[PDB]
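Chains as they are written, first to last, in the deposited numbering: chain A, 15 to 118, 134 to 174, 188 to 273, 285 to 386, 393 to 460, 463 to 665, 692 to 755; chain B, 505 to 655; chain C, 706 to 755; chain D, 15 to 118, 134 to 174, 188 to 273, 285 to 386, 393 to 460, 463 to 660, 692 to 755; chain E, 152 to 174, 188 to 273, 285 to 302. Yeah, the Cβ is synthetic: ideal placement off N, Cα and C, and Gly gets one too. Take a look at the structure below.
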Ligand SMILES: CCCCCCCCCCCCCCCC(=O)OC[C@H](COP(=O)(O)O)OC(=O)CCCCCCCCCCCCCCC
Ligand SMILES: CCCCCCCCCCCCCCCC(=O)OC[C@H](COP(=O)(O)O)OC(=O)CCCCCCCCCCCCCCC
Ligand SMILES: CCCCCCCCCCCCCCCC(=O)OC[C@H](COP(=O)(O)O)OC(=O)CCCCCCCCCCCCCCC
Ligand SMILES: CC(C)CCC[C@@H](C)[C@H]1CC[C@H]2[C@@H]3CC=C4C[C@@H](OC(=O)CCC(=O)O)CC[C@]4(C)[C@H]3CC[C@]12C
Ligand SMILES: CC(C)CCC[C@@H](C)[C@H]1CC[C@H]2[C@@H]3CC=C4C[C@@H](OC(=O)CCC(=O)O)CC[C@]4(C)[C@H]3CC[C@]12C
Ligand code: NA
Ligand code: NA
């Protein structure tokens with residue numbers, strides 16, 4: 015028509031105008047008119063007590079929303095249907111919920142999984158949670174042997203258990219509850235792609251709660267009581294095990310790890326940086342001097358001097374540097396390859412030292428925690444190529460005796478030299494992993510290492526573009542141009558005669574055509590077919606546009622967004638890996654670096696219950712202090728939020744209005 | 505503008521030490537693989553800079569020049585041949601040179617672009633107040649007497 | 706110089722105490738102040754009328 | 015020592031504890047204890063009335079800060095030294111300043142340039158400004174024939203004049219006041235390096251005020267009364294003249310300009326885009342048909358057809374496209396050259412049309428507004444190369460008669478062909494300036510054009526790096542090499558024989574070595590000097606690192622920050638240039654594109701009628717605007733603490749009055 | 152808390168602060197950071213300082229070079245040094261009249288206060 019008719023499609027019963035006067039009496043703060051209207055309401059005919067608006071509000075709630083406790087005492091003095099009014103008393107953090115605890134299909138606003146203590150934990154109010162635990166309320170355990191209720195109810199249970207007040211109260215130790223809950227919520231967010239950000243939010247909440255308990259640690263003996271609690286530094290090991298990147302790199306914790314890392318050094322971190330370079334240089338030069346000791350006399354000044362973990366790092370990395378200067382020296386110095400040089404004879408204790416060090420590293424931690432870090436996998440590939448290299452040198456020495466250059470092209474000396482060179486690339490890229498100790502080159506290296514996983518998602522797409530244009534240029538050019546009468550037959554050849562002939566040759570031609578290293582005369586046919594040459598050069602041109610312009614600048618943009626997202630969490634991430642580095646040098650069994658790891662390098692009971700009860704009650708005493716001052720601290724921080732909702736004005740408004748209705752009731 | 509670039513230089517110089525260790529890495533590899541495989545001293549010109557590029561991976565210093573100039577498009581593929589017939593060492597050497605070009609030109613250099621995107625975003629907030637500090641360091645070196653009558 | 710700094714510290718302290726007022730954010734404890742400024746007045750007037 | 019002592023270094027007098035009881039009688043709202051203590055204060059024994067805290071807090075101010083008007087009436091009933099208390103009544107927007115207006134070296138908190146109406150304009154409260162204009166208060170004019191007071195006082199005067207309530211009140215028309223003040227504050231921010239962001243902030247305030255008056259225009263006849271007010286569309290021409298990029302691209306004004314741009318197309322902007330391409334294609338094909346008319350009969354359907362400005366754009370740009378397809382056709386077709400082909404005989408009316416069009420464009424607007432836009436300068440260079448081309452063709456035809466290739470190397474046919482080709486590059490890059498009409502290719506082109514000025518600041522640094530490494534590589538390679546036997550002698554040759562020989566050759570070698578186009582055998586010496594070859598290749602290497610690894614990625618980062626700063630304002634600043642494109646086709650005298658370009693008391697009655705009509709419309713807009721901003725002052729989603737300081741005394745004074753009536 | 156009135160109420164009774172330098189470990193660095201956090205407030209420097217520009221400059225220098233010493237608590241001492249560097253600019257902002265500004269920027273205990292400001296890297300005092 016010309017107009018639209020607006021009618022209430024979903025009908026509401028509404029209420030008798032006398033009932034509207036009763037709900038006008040309440041919420042205005044009338045202690046007189048509500049009492050008069052309820053005494054009238056005893057007579058059944060005039061009005062009903064449990065009257066409900068078309069918009070919620072069944073009488074009792076209005077006395078909670080407009081926070082007035084005398085009307086709650088008046089309505090609970092009568093028989094008002096409570097229903098879910100206790101839960102509405104929990105949301106607003108009204109501590110008049112005592113009056114709903116101590117005393118006394135209908136459109137419940139809440140999902141029916143909600144018990145009072147679940148919604149008490151969601152509001153994170155310490156007082157109401159203490160008021161509900163004192164009566165005794167349980168939570169269901171989450172594990173299982188129609189579908190929205192199950193995942194919603196499990197997320198409400200984990201959302202309730204992850205609150206820092208059912209972990210401050212009702213936990214034997216809140217650090218294990220925060221750590222194990224952060225683990226179960228993280229690994230639970232990986233299970234369900236749906237509800238991913240909510241379980242990640244809860245795991246971030248548990249990871250922040252533990253740092254906010256560390257922040258309350260004064261008097262550093264308490265910090266050692268926390269970080270030594272074995273049910285060494287067992288708590289830190291268990292914190293690094295659960296990836297608690299904010300528990301570690303608390304500034305209190307790094308004081309403990311930094312002093313532990315600097316045993317006898319005095320004000321080492323106060324000296325000049327060039328003096329630090331001189332001390333690290335001359336300690337790095339004397340690494341066989343300190344490590345011949347601890348084999349002669351481990352109870353000695355030099356034997357106790359390498360037991361200090363900052364000196365273990367300079368001895369371990371200094372030994373590794375001399376291994377690398379010796380590999381620099383290897384290339385500056393017969394098919395029957397024997398001891399080719401004195402260099403290799405010097406190399407074998409270092410290589411057996413790294414193989415022993417990686418097997419010894421795999422004897423503790425397991426292949427899961429070993430295979431989690433990428434540098435250990437790089438050590439596996441490196442040392443595997445060292446075993447292949449020395450095995451092909453031995454096998455090359457036996458059963459071979463002498464053409465100069467002519468050889469089998471799979472002669473094991475050549476494969477030994479090639480795998481040796483690849484193992485030198487992988488061996489001398491380990492110095493990058495030495496950057497996490499430095500404070501300037503540290504966070505940079507870990508930000509790049511964090512962008513690598515976003516690059517490797519991108520190169521898949523590029524590999525499918527390579528398979529695409531490789532199929533296309535091979536298919537078009539394996540008939541038209543083929544040369545078998547040529548001398549050098551590859552892209553490498555100075556002439557570049559065949560590029561797209563075969564598929565592997567085409568993959569090399571496109572991969573090298575990322576760079577400016579393959580010329581156009583590549584795409585010419587020895588015959589005279591200008592159509593297939595033009596189609597092939599257009600094929601190669603759109604490859605260069607999609608790869609060089611379309612995708613590589615998308616990779617730049619992707620690393621711009623990823624590096625923006627990384628550098629926020631760079632400092633707290635760097636220090637977690639710096640502790641991982643530091644805390645691998647605290648333990649004994651791990652001193653005496655690689656050439657001295659196995660041999661000197663060749664010239665070529693009621694007291695258990697007493698300590699458990701001692702340490703247990705001591706730790707629970709410290710926890711009692713930390714949970715006390717923590718709950719006081721967060722309650723303090725609840726007050727300061729710099730924002731006032733509209734229901735605070737709703738509280739002041741009735742504070743004035745009920746006082747008006749009472750003074751005017753006493754004056755008239 | 506000049507002071508924002510001067511501000512980004514200290515973040516570049518932290519970056520080039522990583523690249524120097526990558527140069528040390530692939531230089532150790534390509535020297536170690538190509539010092540025996542090929543040599544040939546019967547050349548009129550004998551380096552990368554020559555018109556034919558005869559020996560590039562032969563010496564460590566020659567390999568450092570070959571990788572550094574292979575950042576740019578200035579070193580051709582026929583560099584990685586062997587005068588003898590060893591297709592395996594030529595392929596492993598060209599794969600090592602290829603992963604050098606991927607790590608240096610595709611991953612390392614665009615990470616440097618991203619790093620200068622974040623650093624230049626962090627600098628240009630405090631650009632106006634830090635330009636004028638250096639402008640008064642320039643101005644206030646001309647207020648005193650004893651420094652007039654130029655060079 | 707101490708007279709000039711007397712003037713600057715005077716008008717500076719006045720300026721920052723002026724800027725403490727205009728923060729565009731009220732914490733909840735301000736409502737905790739107004740609520741007791743009504744509540745004590747309630748329990749005093751009701752103490753004088755009863 | 016072991017401690018550090020803390021003493022009050024800047025000591026002041028401490029008020030007598032009775033005076034502390036008097037200043038504790040105020041700040042609580044006592045209407046009884048203040049009155050008793052002041053009646054006691056008439057006796058000079060116990061308390062002086064004008065008592066001052068060590069922290070401001072004069073007795074009167076506390077009654078203003080804690081906003082209580084009855085204590086202001088009580089203190090002004092007595093003789094309290096007011097001083098600067100009126101100004102403190104202005105800051106808090108207390109409308110009890112009436113009581114300080116109608117009635118009645135000391136540490137003034139304010140700079141002594143501050144009159145009441147300047148600080149009334151800084152607070153932007155309409156009511157207090159109306160209360161001070163009704164008494165009659167003037168502002169000093171800013172112009173001049188010890189130094190902080192002068193620039194601070196001028197910035198307070200311009201800060202007061204730029205407020206949208208001394209422009210809503212006290213201005214004959216607030217659009218000229220907003221436009222001219224935005225101009226004077228922008229061009230005043232360019233004068234003073236210091237205080238740049240503050241005058242730019244005030245000019246942005248004036249530029250927002252005008253758009254916020256156009257937002258109050260309902261009933262589109264009012265919008266035409268505003269946008270036609272000549273003291285055509287004179288107010289939009291004057292708005293584009295003052296770079297009011299937010300006045301233009303209000304959504305109300307772009308409907309007037311869009312409907313003006315579409316005269317007799319009923320709902321053109323609703324059709325399918327391919328149908329739009331067909332209509333623009335066949336109107337673009339019939340350009341000579343519509344433009345032979347308006348020469349035959351300008352009072353005719355086809356003569357009035359080309360007077361519509363959307364059809365002028367398709368005829369002008371379609372004619373320009375056929376000029377460019379004809380330049381494509383020129384290269385697909393004797394020292395003493397003629398007008399050699401039929402092509403250039405066809406070209407000459409096109410070229411004389413553009414020269415006439417640019418001289419005709421320079422007859423109106425002046426060389427300042429003409430030289431402000433860059434495409435007009437590009438037209439100047441293009442048509443200058445056209446004059447040089449045809450002049451060297453005519454000069455080449457006379458006094459020359463025939464070696465086919467062996468020529469002078471400066472022979473005017475070659476210079477004519479080279480300048481003709483450069484003029485074709487410049488001529489066929491004008492199609493990019495056709496992008497502002499399109500809604501998808503529009504804001505992109507203007508964002509790139511706004512990054513160009515940030516690129517050109519960067520290339521001067523790069524030119525100094527070129528002079529640096531060019532001085533080095535020339536200085537090192539001038540001696541060691543100079544192959545003067547080679548058949549081909551430069552970088553462009555097949556062998557690249559001498560590249561760092563001379564300075565110009567070195568500049569070409571480094572510039573082309575930005576790209577991968579110069580090999581390494583360039584840096585050899587014909588002699589055997591490995592040290593100078595290595596130092597030269599290290600200099601060339603550090604040139605490649607500074608230019609390609611540091612300098613060019615810094616340019617990428619710079620364009621990342623600049624493009625982030627541009628794309629916030631990209632859409633509004635696109636539409637300003639789109640109305641600069643649109644509004645150049647509204648006027649007559651400018652039709653008939655390039656090849657067809659050449660070949692009395694009633695005045696006072698209309699001035700009073702338009703003047704009183706426009707003042708009535710502005711009466712309505714200022715009324716509903718002031719109502720709109722006073723509505724928006726209420727909703728700010730933030731309460732300062734002094735609101736709680738108002739409610740707390742509104743309870744406290746009521747307490748000390750009820751307790752005064754019951755006891 | 153940076154409240155001027157309560158600080159004036161406590162200085163009038165006479166209260167001292169320990170000096171930070173010395174010849188179990190959380191109390192020492194936490195107590196040191198509370199002492200420097202208290203001395204860096206712009207009301208102990210408005211009161212209880214002979215001249216607050218030298219106190220702001222020298223405290224910004226000791227808090228910056230103290231943040232370089234301790235890698236832990238780095239952002240907190242940098243925050244306090246930024247607070248001291250903002251305080252000096254917020255005292256310049258209160259300079260009305262050219263003559264006063266020259267009294268400040270000529271105070272040798285030339286332009287000695289500008290030279291001493293550039294010496295302490297006060298990039299917001301300058302500009
Ligand atoms: C598809 C999944 C991957 C992501 C999607 C990619 C988006 C689609 C890519 C578009 C296809 C590439 C264009 C066609 C290639 C081509 O023409 O290459 C084919 C040939 C190139 O020369 P040949 O003909 O000799 O091969 O084109 C020509 O004949 C010459 C004229 C064409 C000019 C090309 C204009 C396109 C602009 C591309 C360069 C942009 C540079 C950016 C810097 C300003
Ligand atoms: C390690 C510390 C530094 C940072 C970490 C770097 C991350 C790991 C880098 C991955 C290794 C590089 C890939 C291997 C190189 C290689 O294959 O090079 C080795 C050869 C290249 O040709 P040759 O065999 O002739 O040498 O590979 C081939 O045989 C041809 C088929 C392989 C195709 C490569 C596909 C990988 C994609 C890389 C290009 C991406 C371009 C991006 C634009 C879209
Ligand atoms: C100065 C104002 C401009 C801005 C300031 C620029 C910052 C300073 C620039 C540093 C100087 C450049 C380095 C020296 C050039 C050079 O060595 O070039 C000189 C030569 C290059 O080969 P030649 O010796 O044959 O010339 O160096 C060598 O001999 C080979 C070994 C050096 C390896 C260079 C390692 C530096 C890393 C630079 C590449 C980074 C690539 C980034 C992608 C990962
Ligand atoms: C080929 C060999 C002979 C040398 C190749 C490596 C060296 C040239 C450089 C490259 C990386 C540098 C390393 C990078 C990082 C560190 C960590 C850094 O250790 C610290 O920061 C000390 C701990 C602290 O700072 O508290 C100083 C030494 C070291 C190993 C550097 C030692 C010198 C290295 C190995
Ligand atoms: C793709 C390469 C080969 C360039 C093609 C040459 C021309 C045919 C193209 C280049 C730019 C195009 C122009 C770019 C922008 C416009 C504006 C546009 O005009 C409008 O938007 C109509 C007004 C409106 O949309 O309200 C449509 C035509 C036109 C001139 C285009 C016409 C066709 C042009 C001249
Ligand atoms: Na390992
Ligand atoms: Na023009």
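Query	Result
Counted within 10 angstroms of its Cβ, other Cβ atoms place residue 522(B) as buried (16 or more) or exposed	buried
Assumed close pair residue 211(E), residue 22(D) - CB separation to whole angstroms, cut-off 8 Å	6 Å
Any alpha helix (DSSP H) of 4 or more consecutive residues that is wholly inside the stretch 554-624 of chain D	564-573 and 591-605
Exposed unless 16 or more other CB atoms sit within 10 angstroms - verdict on residue 548(D)	exposed
Residues, ordered as in the chain, of the stretch 322-356 of chain A that lie near chain E by beta-carbon distance below 9 Å	322 and 323
Test: residue 207(A) CB closer than 8 Å to a CB of chain B	no
Identity of the residues DSSP links to residue 169(E) by a beta bridge	17(D)
Any non-hydrogen atom of ligand 2 closer than 7 Å to residue 569(A) Cβ	yes
Distance between residue 247(D) and residue 96(D) (C-alpha atoms, nearest Å)	33 Å
Per-residue contacts from residue 577(A) into chain D (C-beta, under 8 Å)	577
Start and end residues, alpha helix (DSSP H) containing residue 644(D)	Here residue 644(D) belongs to no alpha helix (DSSP H), and DSSP marks it neither H nor E.
Residue-level contact to chain E via CB, residue 261(A), 8 Å cutoff	yes
Residue 553(B) and residue 581(D) closer than 8 Å at C-beta	yes
beta-carbon residue 699(A) near ligand 6 non-hydrogen atom, thresh 7 Å	no
Cβ separation of residue 532(B) and residue 486(A), assumed to be a contact under 8 Å, to the nearest whole Å	7 Å
CB-CB length for residue 171(A) against residue 147(A), believed under 8 Å	That pair is no contact at about 12 Å.
CA nearest to the CA of residue 652(A), picked from 67(A), 416(A) and 607(A)	416(A)
Separation of residue 399(D) from residue 386(D), as counted between CA atoms	11 Å
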